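In the block that follows, a single chain appears as structure tokens, in the form deposited in one PDB entry.
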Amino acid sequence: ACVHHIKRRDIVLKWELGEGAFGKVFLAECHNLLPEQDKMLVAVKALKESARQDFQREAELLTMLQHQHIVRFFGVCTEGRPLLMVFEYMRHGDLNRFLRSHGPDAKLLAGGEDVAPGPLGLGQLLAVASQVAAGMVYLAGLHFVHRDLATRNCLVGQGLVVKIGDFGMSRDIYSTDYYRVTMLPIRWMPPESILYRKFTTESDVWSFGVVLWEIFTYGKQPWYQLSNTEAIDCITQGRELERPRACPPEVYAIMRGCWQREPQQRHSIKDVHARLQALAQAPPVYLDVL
């Protein structure tokens, strides 16, 4: 009723794209979806079913959260089974894979339609960071706490448009990004979330700090040199991730502003976005000097 509905005959499955424990994702054609295009490509998540409640709850939530830098959700197909969720197709996949595929080792081959060859430049990295921050501003505005913000949960589309999601499936491809106790994204979590199990807007800005670090390391795992327990010890004792090689000091300052140990002392995501956007939009003369 709140959720938009799509007729099963308007979805034509093409092939699989990914697969987790709670579902499979297919590339599909969807007819009569938008006035612009009579036919268009979409990504279809098929539920592996109790789970219908979570499914319907997720659909209601996704419909509410719709915005420029949040993953575009078109609606549901509930006529017969399996229950389908229909999303915008994002051709570059998740931001972590994208970052790794354009690292400091990348050359002409990595070049493409949307992106230059070689490592992503400072200007491109800032544009990615800015888009993610804009998504987190919107969620902060609505008083929603993500709890699992990381580059693996962001998608990258044509023209390097970047959008936040939350893929149940991330627990499968990126299993080593979680500590199993339930699965906790320890490496992305602030001391108050690890110690006291409190998750807030402020724990999300900490996590965004880590996302910024991921971006400027071309998708390396935070604390990759550490086991899960060693990482808990480090975070709880106040160790901070080192400045990435590609990160200018100005941007590392924005990361540190996210990692203030006291939640209330962390900069607001709005301030973080404001600074990163200014930098993303700054002229090459300015950016060449950082």
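Rigid core (definition): largest C-alpha set, two forms, superposition within 1.5 Å. All residue numbers refer to positions in the sequence shown, first residue = 1. Residues that one form lacks are left out of the comparison.
Q: Do at least a third of the other compared PDB entries leave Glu240 without coordinates?
A: No, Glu240 has coordinates in all the other entries compared.
Q: Quick one: is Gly123 left out in at least a third of the other entries we compared?
A: No, modelled in all of them.
Q: Indicate whether the chain is continuous between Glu49 and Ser50 or, if not, how many deposited residues are absent from the coordinates: none, 1 to 3, 4 to 9, or 10 or more.
A: Gap size class: 1 to 3 residues without coordinates, per the record.
Q: Is there a break between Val181 and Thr182, and how many deposited residues does it span: none, 1 to 3, 4 to 9, or 10 or more?
A: Count of unmodelled residues in between: 1 to 3.
Q: Please compare 28 to 36 with 224 to 232 and say which has the higher mean C-alpha temperature factor in the record.
A: If you average the C-alpha B-factors of 28 to 36 and of 224 to 232, the larger mean comes out for 28 to 36.
Q: Tell me which stretch, 102 to 110 or 189 to 197, has the higher mean Cα B-factor listed in the entry.
A: 102 to 110 has the higher mean C-alpha B-factor.
Q: Identify, among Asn96, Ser170, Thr217, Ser207, the residue whose C-alpha carries the highest B-factor in the deposited PDB entry.
A: Result of the comparison over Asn96, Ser170, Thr217, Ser207: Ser170.
Q: Looking at the temperature factor on the CA atom of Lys270, which third of the chain's modelled residues does it land in?
A: For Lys270, whose C-alpha B-factor we compare with every modelled residue in the chain, the answer is the highest third.
Q: What third of its chain's C-alpha B-factors does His69 belong to: lowest, middle or highest?
A: For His69, whose C-alpha B-factor we compare with every modelled residue in the chain, the answer is the middle third.
Q: Report the third (lowest, middle or highest) to which the CA temperature factor of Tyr138 belongs, ranking only the modelled residues of the same chain.
A: Middle third - that is where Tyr138 ends up once the chain's C-alpha B-factors are sorted.
Q: Taking the C-alpha B-factors as the PDB entry records them, is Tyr252 in the lowest, middle or highest third of its chain?
A: Middle third, going by the recorded CA B-factors of the chain.
Q: Looking at the entry's B-factor column for C-alpha atoms only, identify whether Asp177 ranks in the lowest, middle or highest third of its chain.
A: CA B-factor rank for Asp177: lowest third.
Just so you know, the form deposited in another entry exists too; it's not on screen, but the next bit is about it.
Q: Using the rigid core as the fixed frame, list which single one of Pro104, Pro82, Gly93, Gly141 shifts its Cα by at least 2 angstroms between the shown form and the other one.
A: That would be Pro104.
Q: Closer or farther: the CA pair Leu125/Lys107 in the other entry, versus this form, with a change of 3 Å or more?
A: Farther apart, by at least 3 Å.
Q: Given that the shift is 3 Å or more, do the Cα atoms of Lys107 and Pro248 end up closer or farther apart in the other entry than in this form?
A: It is farther: the C-alpha separation of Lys107 and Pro248 rises by at least 3 Å in the other entry.
Q: If I superpose on the rigid core and flag every C-alpha moving 2 Å or more, which consecutive runs of 3+ residues come out between the shown form and the other one, in sequence order?
A: In sequence order, the runs that relocate between the shown form and the other one are 104 to 112, 283 to 285.
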